[PDB]
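Student: Take this structure, written in structure tokens, and hold onto it; I'll ask about it next.
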Amino acid sequence: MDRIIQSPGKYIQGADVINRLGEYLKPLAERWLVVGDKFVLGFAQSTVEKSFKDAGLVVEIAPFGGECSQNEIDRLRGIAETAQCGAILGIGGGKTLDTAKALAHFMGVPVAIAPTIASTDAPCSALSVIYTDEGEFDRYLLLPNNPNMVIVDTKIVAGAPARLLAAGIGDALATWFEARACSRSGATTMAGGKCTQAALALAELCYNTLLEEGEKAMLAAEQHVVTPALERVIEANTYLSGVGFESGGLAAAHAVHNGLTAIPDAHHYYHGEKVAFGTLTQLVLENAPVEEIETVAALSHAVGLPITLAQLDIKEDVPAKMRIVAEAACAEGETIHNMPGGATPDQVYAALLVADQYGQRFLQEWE
Amino acid sequence: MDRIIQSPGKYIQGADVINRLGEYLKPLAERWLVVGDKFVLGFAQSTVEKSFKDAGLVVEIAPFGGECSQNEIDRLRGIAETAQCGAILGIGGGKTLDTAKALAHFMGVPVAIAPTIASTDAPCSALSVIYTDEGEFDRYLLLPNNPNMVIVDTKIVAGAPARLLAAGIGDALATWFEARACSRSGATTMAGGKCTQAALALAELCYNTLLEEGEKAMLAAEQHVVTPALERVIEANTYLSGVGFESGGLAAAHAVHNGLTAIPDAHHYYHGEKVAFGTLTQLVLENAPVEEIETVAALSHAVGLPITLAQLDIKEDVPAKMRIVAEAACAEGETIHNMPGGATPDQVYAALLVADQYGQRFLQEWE
Amino acid sequence: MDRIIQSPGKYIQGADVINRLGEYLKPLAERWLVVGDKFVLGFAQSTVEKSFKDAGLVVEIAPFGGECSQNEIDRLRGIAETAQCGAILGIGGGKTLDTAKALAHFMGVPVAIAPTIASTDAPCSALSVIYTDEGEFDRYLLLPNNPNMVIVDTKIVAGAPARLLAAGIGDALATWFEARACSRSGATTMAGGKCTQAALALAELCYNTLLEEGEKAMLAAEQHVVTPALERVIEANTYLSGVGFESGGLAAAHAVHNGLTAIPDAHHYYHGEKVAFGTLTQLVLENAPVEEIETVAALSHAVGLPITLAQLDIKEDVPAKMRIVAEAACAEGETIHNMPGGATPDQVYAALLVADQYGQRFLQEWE
Amino acid sequence: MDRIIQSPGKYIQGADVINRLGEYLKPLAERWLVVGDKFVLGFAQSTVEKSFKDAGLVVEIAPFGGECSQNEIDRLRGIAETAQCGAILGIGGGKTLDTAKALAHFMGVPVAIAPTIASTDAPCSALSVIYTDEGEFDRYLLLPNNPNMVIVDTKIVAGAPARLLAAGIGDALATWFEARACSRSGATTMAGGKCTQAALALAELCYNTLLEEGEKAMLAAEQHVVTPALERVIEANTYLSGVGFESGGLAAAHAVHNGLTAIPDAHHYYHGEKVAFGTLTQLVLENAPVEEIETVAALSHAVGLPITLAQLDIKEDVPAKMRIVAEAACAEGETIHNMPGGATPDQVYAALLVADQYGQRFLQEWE
Amino acid sequence: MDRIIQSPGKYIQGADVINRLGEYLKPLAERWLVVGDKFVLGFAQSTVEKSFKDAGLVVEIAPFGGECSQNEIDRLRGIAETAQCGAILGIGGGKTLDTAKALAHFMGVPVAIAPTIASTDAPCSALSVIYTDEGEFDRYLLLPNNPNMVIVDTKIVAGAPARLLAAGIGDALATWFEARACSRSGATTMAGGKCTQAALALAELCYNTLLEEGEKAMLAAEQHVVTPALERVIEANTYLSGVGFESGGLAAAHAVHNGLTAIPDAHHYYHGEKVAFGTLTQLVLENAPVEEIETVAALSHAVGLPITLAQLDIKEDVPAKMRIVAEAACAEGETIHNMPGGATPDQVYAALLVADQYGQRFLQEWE
Ligand SMILES: [Zn+2]
Ligand SMILES: [Zn+2]
Ligand SMILES: [Zn+2]
Ligand SMILES: [Zn+2]
Ligand SMILES: [Zn+2]
């Protein structure tokens with residue numbers, strides 16, 4: 001069929017770049033509503049308003065309620081209309097950015113996304129994961145276009161807990177392996193077409209960047225300072241992993257992540273930490289070479305990601321729980337079917353237990 | 001500085017994709033202005049009208065004057081304002097596409113670009129090219145956004161004259177060496193910042209795609225058929241070249257192309273045919289290793305591109321003419337100053353004469 | 001799915017091996033029906049009768065009608081029931097061996113296969129190609145088991161025309177590429193399942209043996225002497241190629257070969273000669289790397305196989321004839337759908353014209 | 001000599017494949033006798049009867065006594081003849097399968113072999129192994145042909161004790177070294193001739209598979225689940241090890257195995273466990289390179305196989321017990337003579353003590 | 001710019017070479033002033049006077065005060081002028097050698113430099129290093145030419161404390177990384193121009209020598225004996241490190257060294273010991289590949305050099321003391337600007353903390 005690649009129109013990243021929000025956003029619109037994370041605004045609202053004023057723009061700073069509900073979308077739209085805003089800027093965590101994207105869609109205005117943590121691949125994407133109130137996956141919610149601009153302040157991001165950066169590494173570690181399987185299987189990407197050569201290049205660039213700079217970036221994040229290794233990992237976590245998964249395809253890792261949410265044991269863990277184990281489960285499922293799985297297992301453990309089920313607090317009734325996880329992964333419309341050859345709930349259940357047994361041996365041999 | 005990458009929102013390519021212009025373009029607008037020249041609508045108008053009709057879209061045909069003049073934009077803006085057009089769709093060659101991107105800027109509406117040839121990297125960029133009369137350079141006129149959508153029909157491109165695909169390979173072969181040179185020097189790219197890891201990976205992917213698929217794509221182009229090698233080169237000529245040049249950087253290869261237009265001898269040669277010689281010039285200028293120059297010289301000769309000044313019909317008064325080219329290439333605002341250490345016109349003059357010597361010997365002793 | 005590999009019960013190979021047909025076939029049955037045409041029985045009958053007599057076996061000679069038709073199998077059935085034969089020995093070429101294979105199936109008796117040429121991979125397979133009485137194709141008859149015993153006399157094969165051995169190399173040379181395609185796409189082999197690791201091992205062993213012994217074997221072939229290189233190409237032409245295609249899978253090359261049969265120009269050319277050009281076409285279709293295509297075209301030229309359409313006497317009205325070959329190859333049930341991603345007739349048409357252009361240039365620059 | 005390769009007619013493996021036993025066995029006969037051990041029929045009988053009945057077949061379930069004796073073969077021959085059985089299906093472990101294969105031979109009917117464990121290379125072979133009543137090796141009993149079908153349910157095999165899969169790895173691990181030895185010496189294989197290229201590739205593929213998948217398979221075996229690595233190892237344990245030892249040849253490894261049965265100490269250890277030490281002994285005997293011995297020693301220990309005599313419970317009066325093993329291995333009719341340059345009992349005695357010291361040191365440095 | 005490489009006129013090294021000081025110095029002058037520290041003349045004076053006297057030279061022994069002050073230079077200038085001295089010979093450590101070189105400059109006479117330790121790259125250079133009286137870096141004082149002769153007695157150097165040879169390794173270890181940085185950025189070297197090829201080869205040769213001979217040399221140093229490895233390291237510590245830093249350029253390593261002198265904690269540590277941590281800091285700053293950082297960290301620790309701040313006694317109030325180091329390194333007139341893309345004090349501060357964490361972890365895994 002057709003080959004399609006989607007991208008945000010502009011990706012900018014740099015230290016203290018929120019000082020330049022005004023100059024970068026001015027071409028898009030003149031009247032902006034800012035849906036700001038309460039924590040981000042507590043320490044930076046002054047400089048955001050100054051950045052806009054110095055560029056001759058008008059702002060309506062709107063503290064984000066916290067949840068990405070339709071109530072909150074409606075409330076924010078009223079503010080935006082009363083102020084006659086022509087574009088939305090979301091700045092903060094994922095729930096903040098997902099709201100800004102939904103708002104600007106309903107208002108048919110351009111959107112700017114400014115993540116303040118590099119913990120998932122969601123920002124650049126034209127997507128949204130819809131979740132039941134029990135913490136279990138439901139559906140992917142698509143949007144007609146990607147954000148117009150993504151702006152990443154690497155100094156703000158370096159301030160977050162390093163666990164968040166590692167969770168982004170976990171979500172990005174999957175990119176190459178799931179896009180590669182979609183290429184092998186002739187699967188359709190979330191952009192609606194076959195793989196381009198470009199998307200597969202970025203997905204493989206993502207994986208290699210994490211291998212070469214993951215541990216060094218983790219060192220800078222713990223000190224909350226910016227080094228070039230950190231910059232590269234933030235780009236891998238945001239642009240590369242975003243364009244890679246959307247335009248290269250999802251497969252077993254994210255299906256296993258959605259399957260893990262169907263049990264409450266790992267509810268208190270981040271997206272990327274569950275994806276980290278889904279990658280390892282995909283490598284067993286597709287019988288990756290022993291050298292490949294050892295590398296992925298070693299980098300994952302080197303940044304604190306879980307490589308066994310106990311590290312996601314799954315410790316009792318493991319078999320019963322893994323049947324639920326496996327059936328959930330194989331549900332209708334799930335991405336596990338993009339695996340070369342496909343996968344059966346008996347097959348995913350096997351890989352779960354075997355990935356776990358492999359992770360346990362690696363932690364033993366590391367001592 | 002910040003690191004910035006720009007891209008069209010969506011890039012689609014595939015065989016007979018014009019039949020699906022309706023469904024791809026619908027989420028962007030409903031009432032469209034189709035801009036094309038007599039030849040282009042000769043074979044497309046019927047299928048374009050039908051695709052938009054079955055999708056519930058209103059289409060307004062508007063033949064093109066052949067040149068990207070301000071009078072043509074206002075004229076087309078009138079027809080579009082009268083028909084209440086929501087988006088502009090340009091279909092055809094560079095002039096048509098540059099017109100459609102310039103028009104939709106003034107009207108403040110989305111644009112879709114449907115190139116019917118892969119001969120320059122212009123389609124994806126947020127850039128026109130401003131020239132003189134009889135002469136051929138003025139400046140680079142910038143744009144605020146990249147095209148909303150680029151849709152390349154590979155069956156249409158396969159029907160074009162193969163010489164036009166070699167021109168595209170010429171314009172694209174320069175991408176990696178110019179972006180590499182900007183990475184080595186810290187040059188600001190036309191996206192406004194430093195190189196992203198992503199921009200450099202697509203620029204290198206462009207070079208390797210031409211190396212591995214270039215001649216295979218030419219076999220298909222001369223038979224006017226679509227093979228996977230042809231699709232890969234089309235993507236390298238359009239998307240990889242367009243993003244790689246604009247977000248990777250320009251250097252001496254396009255400055256020397258721009259100087260080659262200050263003399264009249266090569267006016268009957270295409271854009272990428274003169275870039276082909278500017279790439280070799282830059283490889284002499286930067287003293288690229290011999291294995292690198294030979295590889296670029298051999299591929300260029302394999303697809304019919306010029307590697308000497310006589311192949312651009314410059315056979316008389318060569319030093320005096322090359323002094324004009326050199327002085328033009330080093331003019332203020334030209335991109336040759338992005339080379340590591342810069343470039344004096346004495347050194348560009350040197351590089352032109354030595355590059356021409358190299359090609360003469362390659363055509364003799366090294367083929 | 002299940003993974004299945006099928007093989008003949010015993011494959012025996014040696015010089016002057018028909019002298020030992022009696023002791024090899026003795027444990028299967030005592031009364032044997034020997035099917036063979038006039039030419040083969042002309043040089044083999046006396047030797048078969050001696051070997052069977054000294055071994056204590058009973059022979060019933062049954063001269064072969066010449067066609068592998070249903071009526072010819074029925075006729076040989078009556079003859080074989082009247083002589084109360086316990087097994088069937090077919091000796092000679094394809095249509096004979098195919099007739100003996102199907103006859104022993106309907107009679108529920110062992111079969112031995114004694115090829116006197118190594119020109120196709122048919123002998124070892126559990127398949128008989130059934131023609132009408134007048135000689136037109138009828139159906140592919142799938143047998144439930146492979147030949148109980150296959151006995152190849154290398155000296156007899158050395159005496160045959162060398163053009164036949166080169167045709168065998170053509171048929172075998174498709175083995176590795178077609179099975180690798182079926183592995184990538186997950187196709188079902190003619191053995192009813194997915195690829196075993198063993199079948200793909202033998203498929204690739206076949207390809208390397210042709211690369212390493214092909215030229216050396218043809219020297220022994222044209223001198224009608226037996227050398228170890230000839231003994232290896234015979235094994236590759238018979239057992240490796242046979243299990244390779246049946247348990248590894250068929251794809252574009254044999255599909256394209258059937259399409260060439262629709263064109264009447266290449267009628268006076270052999271199976272493997274048409275298959276050789278089918279392999280080149282598949283390599284263009286699947287965009288195999290230039291180094292791979294070059295290696296295959298070089299080996300094909302070294303053994304006299306056709307790498308252009310004019311070497312198959314297809315010189316006039318080429319675009320019309322290729323549209324017929326392409327339609328015939330993409331027909332229902334034809335193995336082109338085993339390609340990764342499948343192939344449309346327009347894609348197979350394109351590959352056919354480009355593969356021909358490639359071989360033309362290879363022939364031109366090799367001289 | 002003639003080069004000969006034998007094989008079972010059809011090899012099938014898959015998870016839950018006993019559900020499809022009927023369709024696979026359909027073309028062989030309508031009325032089947034099922035020889036099953038009492039334990040195996042406990043979980044399999046109900047499923048077998050449904051698979052046969054739904055396929056339009058007729059089954060007669062005959063529980064297996066436990067031993068492969070002539071009295072047991074005669075007793076089962078009665079049941080089959082009274083029930084007018086057209087073929088024999090054995091299902092279970094080695095003694096069941098060996099019985100089935102013999103019974104079908106005397107009745108002159110086809111046989112299907114469904115092994116429920118992958119612990120030995122004997123399924124798929126056209127032979128039995130004769131023993132005394134003290135436990136010492138007697139001879140090999142050769143059958144005329146290999147089984148008609150071998151059907152391996154991988155889910156059933158994963159449920160077996162993991163020690164049995166490791167015993168299969170120990171048996172299969174010798175395949176390559178003994179076939180390579182026979183090729184080097186030009187010995188005659190159990191299939192009656194010289195090595196074919198096909199058999200050496202299958203022998204080597206066996207070794208490489210165990211190296212690459214052996215540890216991943218033991219993870220899934222110990223969880224009693226099916227992963228692609230466990231399936232590859234089962235195919236290596238059964239088909240590759242089967243064709244490889246029979247048509248690639250035996251040498252010192254199995255000779256040294258038979259010697260170890262001449263002493264009572266290693267009676268509690270399975271077949272493949274003693275073959276494991278035989279392979280190390282052969283590697284000392286033929287003076288394998290120190291990197292080759294270590295790789296084999298490491299893989300053996302990684303899956304629990306003995307690499308010292310004490311791990312075979314041979315701990316007292318070792319030089320006495322090894323002289324017995326040495327002369328037993330060197331006896332008339334043993335394969336030790338297939339070693340390049342042969343081997344005297346003094347030489348094998350040397351290799352036994354030295355291999356033991358090697359493994360003791362390998363284990364000592366496991367700290 | 002112009003490419004420039006400076007050097008001392010003659011570099012001589014050998015065991016017991018102070019016995020030959022006279023013949024080597026003969027052509028420079030007949031009447032010499034010998035500036036010697038009181039300790040150095042203790043073992044050297046008697047030998048020096050005999051080497052000079054036997055060579056027909058005339059010597060005036062002037063004991064060195066201890067400091068390189070103008071009052072000391074004037075005092076020695078008096079002694080020399082009264083004794084009608086034609087050249088100056090300094091013999092001892094850094095302050096003696098720096099004094100000798102300055103004195104000869106004011107008198108306009110030749111100078112010979114005989115270093116008794118190999119702890120720094122300053123012998124051979126055409127410069128002094130100016131300091132405050134608290135211990136903080138002031139500036140560099142440039143001399144017009146390099147010394148006329150540098151004569152290094154390797155036996156004398158082997159008698160020095162081994163810690164001093166390791167300090168020379170720490171100084172020399174930076175030569176390649178700083179010259180490579182200056183080459184990359186196109187910075188101007190201390191010799192006034194751009195890097196020559198000769199200087200980069202000497203810079204890289206320095207690094208490779210320390211890698212290959214560093215540990216072997218520290219064995220002989222700690223035994224105070226002369227081996228070829230100790231001689232190669234002395235040449236790398238003195239000549240290669242000398243020409244390499246002066247005509248290859250300085251960057252972040254020595255800039256970070258000067259910062260560490262802005263705080264009092266690391267005062268008990270020699271020059272090269274603080275440069276050792278500066279090299280690690282530069283390697284973080286420029287984001288060197290993780291294999292390059294580790295090789296340098298490993299070699300440093302192998303010879304006793306600091307790879308953490310605590311090993312420089314910087315243990316309390318670290319973020320405070322590092323901000324001082326950072327701004328000191330980034331001051332005007334410092335070489336940090338020679339880094340590709342330069343470096344802000346925030347960036348150097350990042351690199352200081354991160355490098356420290358890296359070394360702490362390198363050391364932690366030393367168990
Ligand atoms: Zn994710
Ligand atoms: Zn261009
Ligand atoms: Zn064929
Ligand atoms: Zn065995
Ligand atoms: Zn220094």
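Naming scheme: A, B, ... for chains in displayed order of the structure tokens; residues 1 onward per chain; ligands 1 onward as shown.
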Tell me as number ranges by chain which residues belonging to chain E come within 6 Å of chain A, counting only C-alpha atoms.

Tutor: E: 287, 350, 354

Student: What do you get for the Cα RMSD if chain B is superposed onto chain C using all Cα atoms in their order?

Tutor: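 The C-alpha RMSD comes out at 1.2 Å.
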
Student: Tell me which protein, DNA and RNA residues are within 12 Å of residue 306 (chain A), counting only C-alpha atoms, leaving out same-chain ones fewer than 6 positions away, and put them as an MDAnalysis selection string.

Tutor: chainID A and resid 163 166:167 169:170 266 269:281 296:300 312:314 355:356 359:360 362:363

Student: Please run DSSP on the backbone and report, as a PyMOL selection string, all residues within region 2-77 of chain A that come out as strand (DSSP E or B).

Tutor: chain A and resi 3-6+10-14+31-36+58-63

Student: Only N, CA and C atoms, please: the residues just picked out, written as a PDB file, in the first residue's frame.

Tutor:
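Output saved as part17.pdb:
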```pdb
ATOM      1  N   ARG A   3       3.051   4.340   1.676  1.00  0.00           N
ATOM      2  CA  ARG A   3       4.000   4.526   2.769  1.00  0.00           C
ATOM      3  C   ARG A   3       3.826   5.943   3.302  1.00  0.00           C
ATOM      4  N   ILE A   4       3.627   6.065   4.612  1.00  0.00           N
ATOM      5  CA  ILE A   4       3.303   7.333   5.263  1.00  0.00           C
ATOM      6  C   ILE A   4       4.219   7.534   6.466  1.00  0.00           C
ATOM      7  N   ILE A   5       4.721   8.772   6.621  1.00  0.00           N
ATOM      8  CA  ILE A   5       5.441   9.233   7.809  1.00  0.00           C
ATOM      9  C   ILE A   5       4.780  10.519   8.296  1.00  0.00           C
ATOM     10  N   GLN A   6       4.504  10.595   9.599  1.00  0.00           N
ATOM     11  CA  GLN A   6       3.955  11.780  10.255  1.00  0.00           C
ATOM     12  C   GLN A   6       4.988  12.367  11.207  1.00  0.00           C
ATOM     13  N   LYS A  10       7.579  21.222  13.849  1.00  0.00           N
ATOM     14  CA  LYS A  10       8.831  21.779  14.344  1.00  0.00           C
ATOM     15  C   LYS A  10       9.142  21.132  15.685  1.00  0.00           C
ATOM     16  N   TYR A  11      10.381  20.665  15.855  1.00  0.00           N
ATOM     17  CA  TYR A  11      10.868  20.148  17.132  1.00  0.00           C
ATOM     18  C   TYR A  11      12.071  20.986  17.528  1.00  0.00           C
ATOM     19  N   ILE A  12      11.984  21.624  18.687  1.00  0.00           N
ATOM     20  CA  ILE A  12      13.033  22.476  19.218  1.00  0.00           C
ATOM     21  C   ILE A  12      13.406  21.959  20.593  1.00  0.00           C
ATOM     22  N   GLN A  13      14.703  21.889  20.869  1.00  0.00           N
ATOM     23  CA  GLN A  13      15.130  21.536  22.211  1.00  0.00           C
ATOM     24  C   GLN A  13      16.442  22.233  22.490  1.00  0.00           C
ATOM     25  N   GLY A  14      16.618  22.625  23.744  1.00  0.00           N
ATOM     26  CA  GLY A  14      17.751  23.443  24.147  1.00  0.00           C
ATOM     27  C   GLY A  14      17.603  23.837  25.597  1.00  0.00           C
ATOM     28  N   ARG A  31      -2.656  35.367  19.972  1.00  0.00           N
ATOM     29  CA  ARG A  31      -3.371  35.241  21.238  1.00  0.00           C
ATOM     30  C   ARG A  31      -3.324  33.785  21.680  1.00  0.00           C
ATOM     31  N   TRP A  32      -2.620  33.532  22.779  1.00  0.00           N
ATOM     32  CA  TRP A  32      -2.334  32.185  23.244  1.00  0.00           C
ATOM     33  C   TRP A  32      -2.998  31.935  24.586  1.00  0.00           C
ATOM     34  N   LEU A  33      -3.564  30.742  24.756  1.00  0.00           N
ATOM     35  CA  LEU A  33      -3.893  30.208  26.076  1.00  0.00           C
ATOM     36  C   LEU A  33      -2.819  29.194  26.452  1.00  0.00           C
ATOM     37  N   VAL A  34      -2.309  29.298  27.675  1.00  0.00           N
ATOM     38  CA  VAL A  34      -1.290  28.395  28.189  1.00  0.00           C
ATOM     39  C   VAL A  34      -1.957  27.498  29.218  1.00  0.00           C
ATOM     40  N   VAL A  35      -2.034  26.203  28.924  1.00  0.00           N
ATOM     41  CA  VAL A  35      -2.507  25.210  29.886  1.00  0.00           C
ATOM     42  C   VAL A  35      -1.282  24.679  30.622  1.00  0.00           C
ATOM     43  N   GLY A  36      -1.004  25.247  31.794  1.00  0.00           N
ATOM     44  CA  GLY A  36       0.237  24.999  32.516  1.00  0.00           C
ATOM     45  C   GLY A  36       0.092  24.056  33.702  1.00  0.00           C
ATOM     46  N   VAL A  58      -0.101  37.994  23.463  1.00  0.00           N
ATOM     47  CA  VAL A  58      -1.037  38.033  24.581  1.00  0.00           C
ATOM     48  C   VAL A  58      -1.197  36.621  25.119  1.00  0.00           C
ATOM     49  N   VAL A  59      -1.142  36.477  26.447  1.00  0.00           N
ATOM     50  CA  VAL A  59      -1.290  35.173  27.088  1.00  0.00           C
ATOM     51  C   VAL A  59      -2.465  35.140  28.051  1.00  0.00           C
ATOM     52  N   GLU A  60      -3.062  33.958  28.165  1.00  0.00           N
ATOM     53  CA  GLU A  60      -4.009  33.640  29.223  1.00  0.00           C
ATOM     54  C   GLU A  60      -3.440  32.387  29.903  1.00  0.00           C
ATOM     55  N   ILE A  61      -2.757  32.588  31.029  1.00  0.00           N
ATOM     56  CA  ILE A  61      -2.209  31.472  31.796  1.00  0.00           C
ATOM     57  C   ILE A  61      -3.346  30.777  32.525  1.00  0.00           C
ATOM     58  N   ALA A  62      -3.480  29.479  32.299  1.00  0.00           N
ATOM     59  CA  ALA A  62      -4.576  28.693  32.851  1.00  0.00           C
ATOM     60  C   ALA A  62      -4.000  27.490  33.587  1.00  0.00           C
ATOM     61  N   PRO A  63      -3.872  27.555  34.913  1.00  0.00           N
ATOM     62  CA  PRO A  63      -3.418  26.376  35.669  1.00  0.00           C
ATOM     63  C   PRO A  63      -4.258  25.142  35.373  1.00  0.00           C
TER      64      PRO A  63
END
```

Student: With the cut-off set at 9 Å and counting only C-alpha atoms and all ligand atoms, tabulate each residue of chain A with an atom at most that distance from an atom of ligand 1, showing the nearest atom pair and its distance in Å to one decimal, ordered by chain and increasing number, as a tab-separated table.

Tutor:
```
residue	atom	partner	partner_atom_place_in_ligand_line	distance
A:120	CA	ligand 1	1 (Zn)	6.0
A:121	CA	ligand 1	1 (Zn)	5.9
A:122	CA	ligand 1	1 (Zn)	7.1
A:168	CA	ligand 1	1 (Zn)	8.6
A:170	CA	ligand 1	1 (Zn)	8.5
A:171	CA	ligand 1	1 (Zn)	4.9
A:172	CA	ligand 1	1 (Zn)	7.4
A:174	CA	ligand 1	1 (Zn)	8.0
A:175	CA	ligand 1	1 (Zn)	8.5
A:241	CA	ligand 1	1 (Zn)	8.7
A:242	CA	ligand 1	1 (Zn)	8.8
A:245	CA	ligand 1	1 (Zn)	8.1
A:250	CA	ligand 1	1 (Zn)	8.9
A:253	CA	ligand 1	1 (Zn)	8.7
A:254	CA	ligand 1	1 (Zn)	6.3
A:257	CA	ligand 1	1 (Zn)	8.2
A:271	CA	ligand 1	1 (Zn)	6.5
A:272	CA	ligand 1	1 (Zn)	6.4
A:275	CA	ligand 1	1 (Zn)	6.6
```

Student: With C-alpha atoms retained, export the selected residues as an mmCIF file, in the first residue's frame.

Tutor:
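File produced: selection-v9.cif:
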```
data_model
loop_
_atom_site.group_PDB
_atom_site.id
_atom_site.type_symbol
_atom_site.label_atom_id
_atom_site.label_comp_id
_atom_site.auth_asym_id
_atom_site.auth_seq_id
_atom_site.Cartn_x
_atom_site.Cartn_y
_atom_site.Cartn_z
ATOM 1 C CA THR A 120 7.070 8.800 27.368
ATOM 2 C CA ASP A 121 7.025 9.037 23.562
ATOM 3 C CA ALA A 122 3.553 10.613 23.587
ATOM 4 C CA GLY A 168 11.386 7.409 29.018
ATOM 5 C CA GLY A 170 12.198 2.258 28.780
ATOM 6 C CA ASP A 171 9.413 3.497 26.514
ATOM 7 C CA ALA A 172 12.024 4.380 23.832
ATOM 8 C CA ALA A 174 10.964 -0.587 22.522
ATOM 9 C CA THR A 175 10.852 1.690 19.432
ATOM 10 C CA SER A 241 10.776 7.466 19.911
ATOM 11 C CA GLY A 242 7.705 9.532 18.977
ATOM 12 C CA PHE A 245 6.553 4.257 17.121
ATOM 13 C CA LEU A 250 3.750 -0.936 17.482
ATOM 14 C CA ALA A 253 6.062 -4.766 23.733
ATOM 15 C CA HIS A 254 3.189 -2.272 23.993
ATOM 16 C CA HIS A 257 2.303 -3.217 28.527
ATOM 17 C CA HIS A 271 4.486 3.552 31.453
ATOM 18 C CA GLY A 272 8.118 3.041 30.396
ATOM 19 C CA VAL A 275 7.099 -1.250 28.450
#
```

Student: In Å, rounded to a single decimal, give me how far CA of residue 201 (chain B) is from CA of residue 125 (chain B).

Tutor: 17.5 Å
